[PDB]
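The data below hold one chain only, encoded as structure tokens and taken in the form deposited in one PDB entry.
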């Protein structure tokens, strides 16, 4: 009567994961606190190997041991309440897998406490949306390694497969490493969408392009090095019409929503001392879009230059493309630098090459560009920055001219390019042997006696400047 794995939380993503697991031949028990949605799953699953349960006691007793329970409830209170109600009914060695988009510190807290009751806790990031959950997502499980290996066959079977047959799931690391990697994935996704949107702003507001010339430009870009899911769906979005046969996306209110997780990536980067300029500017860009009424008011009081481009439009579209690809490199270089630092300060022993690997398919940021990130760390596991990898170093040293032209053209024409601007400023700061921070250091010694170091001598120095 025992089933192989259990899922709690029968909304569309818990339901789609259970069906994915069932699609691969494993017997699944399901439970939803409100039993009426379990009653819809049984009807929507007639013929599959879905054993419904209608109490936490019948659910736990329906599962083989060590019990494998996938939590797909909403984050925060409902997750901790589900864990706490489950814990008395569990035995030593059982395994809980929180699959929500949980803040990684909650996972670290839940892993530590559950470990004192001999319960394994895996915080697993899940990316791919609801269609991806049903057919093959990218999974980022972190927690006890032994617990992971006891459920690794299920994870491997349901996860997306990259073009080399590799399943888009691997053991991330201890405790909160998986949910940390999922959060950084979303931060990268914020930047990828902002850079795409800056590209659209240039095309719409500087080159005066229509939605079909915009769509076709993105489809063209998706045929080369920039091939990504996000560029691919952007091309579809500029082809969708409304009732009046006008472009629908132009009818959408330009207030970017954000359910956190993007702001978490920058908050952590600031704590770690990691310059995450590009993802953070994309978070701030969402913030300022949400004060729509304030922007409408300032547009009637603050002057600016008219957007006027008189050069070659096709040749400048190619520059925007190069600028978009190089900004992606710098943003990923920042994002992967955050993950090495978080690996170091948490002793997670993150293998950054494995993270690019599991992001080649399934997730929202999936792109052929990620195969080149894996190739970088395969050729050099000690790679300190993606900008130094021979392939990426070759791209940025040539594309920087197109990026500089795009930024300077948008700045002079009043088109905001925050992701392009911080990209070229990151490249120029990271490659600068000497920075003006020496003036900052001398100022801090002037008004605070904070001392400074020298370039030619060694030791700590303090100057009476006046």
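Rigid core: the largest C-alpha set superposing within 1.5 Å between the two forms. Numbering follows the first chain given and starts at 1.
**Student:** Look up the CA B-factors in the entry and say which stretch, 240-248 or 261-269, has the higher mean.
**Tutor:** Mean C-alpha B-factor is greater for 240-248.
**Student:** Mean C-alpha B factor from the entry: is it higher for 379-387 or for 330-338?
**Tutor:** The entry gives the higher C-alpha B-factor average to 379-387.
**Student:** Among the choices 187, 362, 125, 88, identify the one whose CA B-factor in the record is greatest.
**Tutor:** Each of 187, 362, 125, 88 was compared by C-alpha B-factor; the highest is 88.
**Student:** Out of 423, 45, 400, 409, whose C-alpha atom has the biggest B factor in the entry?
**Tutor:** In the PDB entry, the greatest C-alpha B-factor among 423, 45, 400, 409 is found at 45.
**Student:** Name the third of the chain's ranked CA B-factors that contains residue 429, choosing lowest, middle or highest.
**Tutor:** It belongs to the lowest third of the chain when residues are ordered by C-alpha B-factor.
**Student:** Using only modelled residues of the chain, where does the Cα B factor of residue 225 rank: lowest third, middle third or highest third?
**Tutor:** According to the entry, residue 225 has a C-alpha B-factor in the chain's lowest third.
**Student:** Sort the modelled residues of this chain by their C-alpha B factor and say whether residue 144 lands in the lowest, middle or highest third.
**Tutor:** Tercile = middle for this residue's CA B-factor.
**Student:** By the recorded C-alpha temperature factor, relative to the other modelled residues in its chain, which third is residue 121 in?
**Tutor:** Middle third, going by the recorded CA B-factors of the chain.
**Student:** What third of the chain, by the recorded C-alpha B-factor, contains residue 437?
**Tutor:** Middle third, going by the recorded CA B-factors of the chain.
Omitted here: the form deposited in another entry. The next part is about that form.
**Student:** Considering only 367, 72, 326, 333, which residue exhibits a C-alpha shift of no less than 2 Å between this form and the one not shown, with the rigid core used for superposition?
**Tutor:** The residue that shifts is 367.
**Student:** Given a core-based superposition, decide whether the C-alpha of residue 449 shifts by 2 Å or more between this form and the one not shown.
**Tutor:** Yes, because once the rigid core is superposed, the C-alpha of residue 449 moves 2 Å or more between this form and the one not shown.
**Student:** Could you check, with the core superposed, whether the Cα atom of residue 358 shifts 2 Å or more between this form and the one not shown?
**Tutor:** The answer is yes; the displacement is at least 2 Å.
**Student:** Against the shown form, C-alpha atoms of residue 358 and residue 335 in the other entry: closer or farther, for a change of 3 Å or more?
**Tutor:** Closer together, by at least 3 Å.
**Student:** Between residue 360 and residue 151, does the Cα distance in the other entry come out closer or farther than in this form, changing by 3 Å or more?
**Tutor:** The answer is farther, because the C-alphas of residue 360 and residue 151 separate from each other in the other entry by 3 Å or more.
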